[PDB]
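Here are two versions of the same chain, shown separately as structure tokens and labelled structure 1 and structure 2.
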Structure 1
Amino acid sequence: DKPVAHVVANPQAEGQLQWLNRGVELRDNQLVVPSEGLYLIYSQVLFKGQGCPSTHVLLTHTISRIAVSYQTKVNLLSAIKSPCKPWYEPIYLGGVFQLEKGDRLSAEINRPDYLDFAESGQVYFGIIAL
């Protein structure tokens, strides 16, 4: 009855955070809300890096909303992590939001080169209508 999606990262599409689906639709790597209502929005991304480079690294993960009404990319949930021997840093985001029919949501990262596809299928993004 309630619109739901749980998309995962494409392991084969390296150097990109490309969402793969298996009833909310996935259009242009974005989740499209099919009806007005309260939604649980969630995501996790797992980063890996062999040793620490001299350039100070910042790892960002963000869920953005492109409202049907005022067509502007707005951040709903966001986190920043400075991870600096191989290091491992997960980032997980989630909250409840009122969304209107036609809103496009995007789960994005700044460093796809640091994404860890090793434990992927644990790099996910999803929405659950309440």
Structure 2
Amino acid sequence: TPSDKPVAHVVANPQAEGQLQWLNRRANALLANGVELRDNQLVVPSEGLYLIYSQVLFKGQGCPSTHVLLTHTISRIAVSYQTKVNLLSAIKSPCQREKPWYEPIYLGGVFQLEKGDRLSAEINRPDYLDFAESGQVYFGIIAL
């Protein structure tokens, strides 16, 4: 008796130059029970409470120089609306003073979502993204 609960766990494309592109067409990545991936967005199949999450890993070869801001945000666009309203968001400054550094950003929470809602997981600096290993950059939803 499989669960008919809308789920998604999409991973970053390690090929995408200067961007964060999500894939469902990889090992241990899924899109099930009505969830779609259109224009780098997860599309909500039906109303209900959902658990929403994302992780991104940033890496830079030494802090030198100038102050860097790393944002990671999960946004929602309701049906008939156009602008992304932020659900979860984090701003990290990895530079103390101007040796490789690492900053993981984990966002997660519970949200009531509507049919046709489009969800985005975005970063401001894809030049700092790290996908050497698997499991480092992901985005998903779990229908409760």
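One-based numbering along structure 1's sequence throughout. Residues that one form lacks are left out of the comparison. Each form is matched to the other, and the largest set of C-alpha atoms that superpose within 1.5 Å is called the rigid core.
- Only one of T60, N75, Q71, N29 has its C-alpha shifted by 2 Å or more between structure 1 and structure 2 once the core is superposed, and that residue is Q71.
- Core-superposed comparison between structure 1 and structure 2: the Cα of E119 travels 2 Å or more.
- Once the core of the two forms is superposed, the Cα of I109 has moved 0.1 Å between structure 1 and structure 2.
- Relative displacement of the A13 Cα between structure 1 and structure 2 on rigid core alignment is 1.5 Å.
- Comparing the conformations between structure 1 and structure 2, with the rigid core held fixed, yields the displaced runs 69 to 72, 119 to 122, each spanning 3+ consecutive residues whose C-alpha shift is 2 Å or more.
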